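1. take these chains first, placed just as they are in the complex:
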Amino acid sequence: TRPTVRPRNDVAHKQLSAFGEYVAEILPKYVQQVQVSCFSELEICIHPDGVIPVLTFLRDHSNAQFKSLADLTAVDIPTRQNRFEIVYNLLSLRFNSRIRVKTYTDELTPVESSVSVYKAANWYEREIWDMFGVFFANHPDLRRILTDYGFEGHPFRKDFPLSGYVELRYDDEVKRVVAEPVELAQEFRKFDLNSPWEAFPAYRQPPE
Amino acid sequence: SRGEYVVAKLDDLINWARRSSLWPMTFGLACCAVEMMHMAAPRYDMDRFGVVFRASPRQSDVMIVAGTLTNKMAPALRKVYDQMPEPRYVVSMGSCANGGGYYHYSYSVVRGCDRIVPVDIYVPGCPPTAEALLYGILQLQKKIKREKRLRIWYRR
């Protein structure tokens, strides 16, 4: 098990375990899960109410700074009543440790202007709103970034296909750029590479 | 047919004049812009040919589309293309631009710049070699050698 295998270092696993237990004790109110993966980054799964108290606590408090903000995407899965996941990502400048604050939501429940507590989150919030439609409440200015203006449909959803519905060209009748229903020249031959026999027996879900 | 001989040499003169200078504008969105500014480098001079980079669209000669043309880009593209003088010639550089290519199956990619402007010279590559782009400019110049505009105006 030793050569050509990325080694674990369970001392960091224990330290982040103690920190996660510390967090679950000091904020009893909005904690459902504090999980630690074997490659040792913290994940904290959160009810969508106290996200602003969580961020105002974990920006500060002098036991865990976490000034550093990173990615936010509300990674869309079906099959749950709450489809979307706000995935905040944080790094402390002083401590070299990465935590992930994942709170859940569905297609209509917002968060409540998290830009006021992290100033980097402005175009991140506007981006997630434009690409998905996850409305973010009481934000100062929502617009559209990374789409066309006349385009609509919130394309990073699963229901939006690989191509779109509009397609542009230049017509010479009215001498301008117009749109059409999309008309491919090749199929996009979709492959079913879901070959059976369970390459990972560690994650076997139970049946009925 | 001394008039026709004068027409032949005069057509030769103006076609030589058109193919000689050819100062373009670099449209240049993505990494094919980096490749254009690498074929303006010391190891491949456009300036051996008199082909000089110039960001002035009111005096551009060949418009080189290069990069991933999008829906959000395209009205600005043809607004650039309209206010270009009537001698205009189009080089589509890169697999993004000459048929969509790698980002073919998505929203917000016009499947090549054929749907926006007419195209004279397709040159492929992702990225093309700078040396290959220079060769594409040479074959465009041979197209400019083959114009017979003044002959067609003489016998129209």
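-> Received, thanks. Residues are numbered from 1 along each chain as shown, chains lettered A, B, ... in the order given.

2. okay, now residue B:101: neighbour count?
-> For residue B:101, the count of nearby residues is 16 (other CB atoms under 10 Å in any protein chain shown). For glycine as for every other residue, the C-beta is placed from the backbone atoms N, C-alpha and C.

3. backbone dihedrals for it, please?
-> phi 80, psi -120 (degrees, to the nearest 10).

4. and for residue B:34?
-> phi -60, psi -40.

5. list the contacts for it?
-> If you count contacts by CB atoms under 8 Å, 6 or more residues apart in numbering or on different chains, residue B:34 has them with residue B:127.

6. now do the contacts for residue A:91.
-> Neighbouring residues of residue A:91 by CB under 8 Å, 6+ apart: A:66, A:68, A:70, A:97-99.

7. whichever residue of chain B sits closest to chain A and residue B:62: what is the separation?
-> Residue nearest to chain A within chain B (CB to the nearest CB): residue B:107, separated by 3.6 Å. The spacing between residue B:107 and residue B:62, counted by CB to CB, to the nearest Å, is 30 Å.

8. also put chain C in, sequence below:
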Amino acid sequence: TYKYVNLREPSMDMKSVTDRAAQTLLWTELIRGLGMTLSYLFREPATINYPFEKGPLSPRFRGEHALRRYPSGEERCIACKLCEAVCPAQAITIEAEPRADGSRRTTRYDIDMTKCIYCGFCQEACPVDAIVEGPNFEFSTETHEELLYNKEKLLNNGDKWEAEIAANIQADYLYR
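-> Let me add chain C to what's already shown:
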């Protein structure tokens, strides 16, 4: 270890301030920059004449998309569809009838040079090394009709040279 920049002030010695003021009032280091660019004026220029001297390459350059064949033999492709299975832009279109003499073959083997991103995943994936990237990069096509290759275009492209690809595969049966 941190080796940081600009923690120093111009000291107020009289010679320091008159040398900095001479830099100001007499443009001296500006003229030093002039001397630098004249030192690059008198160099020999590092250009190459293109249409008579083509630029250097490697034996491992990725080019042309030719089909090869056996030594005085049949088509080295088998229509086993791996090149479409790993072609990322999916420019490979394969339809495979078996021929008359029982052996398995093709009908249609197409590349879109518009779509191909020139990785050589098909080069790393063809189990018999049939489709091989060529050496040269000269298409410059006037039409959007011509940039959709068919099987006879690819086989004529493989007919246009072998000894090049012979030397390249002899240079690359050892690493790849």
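
9. same question on the contacts of residue A:91, but now with chain C added
-> A:66, A:68, A:70, A:97-99.

10. host element of the closest residue to residue A:143 other than its chain neighbours?
-> Leaving aside its chain neighbours, residue A:143 sits nearest to residue A:126 (6.2 Å; criterion: CB to CB, 6 or more residues apart in numbering or on different chains). For residue A:126, the host element (DSSP states H and E) is helix A:121-132.

11. burial of the nearest residue to residue A:147 once chain neighbours are set aside, as a residue count?
-> Computed as CB to CB, 6+ apart, the closest residue to residue A:147 that is not its neighbour in sequence is residue A:130, at 5.5 Å. Per other CB under 10 Å, the neighbour tally for residue A:130 reads 21.

12. what does residue A:138 give?
-> Neighbours of residue A:138 using other CB under 10 Å come to 11.

13. what's the answer for residue C:82, then?
-> 19.

14. touching, it and residue C:123? I think so.
-> No. Taking contacts as CB atoms under 8 Å, residue C:82 lies outside contact range of residue C:123: 11.1 Å.

15. is whichever helix or strand comes after the helix holding residue A:126 anywhere near chain C?
-> Later in the chain than helix A:121-132, the nearest helix or strand by DSSP H and E is strand A:166-171. No. Contact of strand A:166-171 with chain C (CB under 8 Å from any CB of the partner chain) is absent, the minimum separation being 14.4 Å.

16. with the structure above as the base, add chain D:
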Amino acid sequence: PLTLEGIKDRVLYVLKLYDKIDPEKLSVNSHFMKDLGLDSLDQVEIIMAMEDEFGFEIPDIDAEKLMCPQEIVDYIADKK
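-> Chain D now in position relative to the chains above:
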């Protein structure tokens, strides 16, 4: 000069000048929504049309609670 009957008259002929009501079919105590066939979309059109012609600021709850031409002129007379 700016008196009640002239305000009534000018509201009257701009209702005449509005074209989507066919016929004229004139009634001042009309409740013209149900009886004269007007949707509330046309209602907000007419109320802010008066606002555009010579009206006051005319907020939206006052724009809904009138529904009636004599009552509209009585709202203008409630301010003007």
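
17. back to the neighbour count of residue C:82, now that we've got chain D?
-> For residue C:82, the count of nearby residues is 19 (other CB under 10 Å).

18. that one and chain A, how far apart?
-> Between residue C:82 and chain A the computed distance is 13 Å (CB to the nearest CB, to the nearest Å).

19. contacts only, for that residue.
-> Residue C:82 neighbours (CB under 8 Å, 6+ apart): C:122, C:125-127.

20. follow-up on the earlier one: can you list the buried residues in the helix holding residue A:126?
-> Of the residues in helix A:121-132, A:121, A:124-132 count as buried by neighbour count, 16 or more other CB atoms under 10 Å in any protein chain shown.

21. looking at those residues, which is nearest residue C:134?
-> The closest of these to residue C:134 turns out to be residue A:131 (CB to CB; 41.1 Å).

22. need phi/psi at residue 68.
-> As the question left the chain open, I've gone with chain A. Per-residue torsions, residue A:68: phi -90, psi 120 (degrees, to the nearest 10).

23. right idea, wrong chain: chain D
-> Torsion angles, degrees, to the nearest 10, at residue D:68: phi -160, psi 130.

24. please export the C-alpha coordinates of the longest helix seen in chain B as CSV.
-> Longest helix in chain B, counting residues (DSSP state H): helix B:2-20. Extracted in CSV, the C-alpha atoms of helix B:2-20 (Å, rounded to 0.1, in the frame of the first residue of the first chain):
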residue,chain,number,x,y,z
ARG,B,2,-3.6,48.1,-77.6
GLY,B,3,-6.4,49.0,-75.3
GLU,B,4,-6.6,45.4,-74.1
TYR,B,5,-2.9,45.3,-73.6
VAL,B,6,-3.0,48.5,-71.6
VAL,B,7,-5.9,47.0,-69.6
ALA,B,8,-3.8,43.9,-68.9
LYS,B,9,-0.8,45.8,-67.6
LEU,B,10,-2.9,48.3,-65.7
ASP,B,11,-4.8,45.4,-64.0
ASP,B,12,-1.4,43.9,-63.2
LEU,B,13,-0.3,47.2,-61.6
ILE,B,14,-3.4,47.7,-59.4
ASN,B,15,-3.4,44.0,-58.4
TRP,B,16,0.2,44.2,-57.4
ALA,B,17,-0.6,47.4,-55.5
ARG,B,18,-3.5,45.6,-53.7
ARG,B,19,-1.5,42.6,-52.8
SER,B,20,1.7,44.5,-51.8
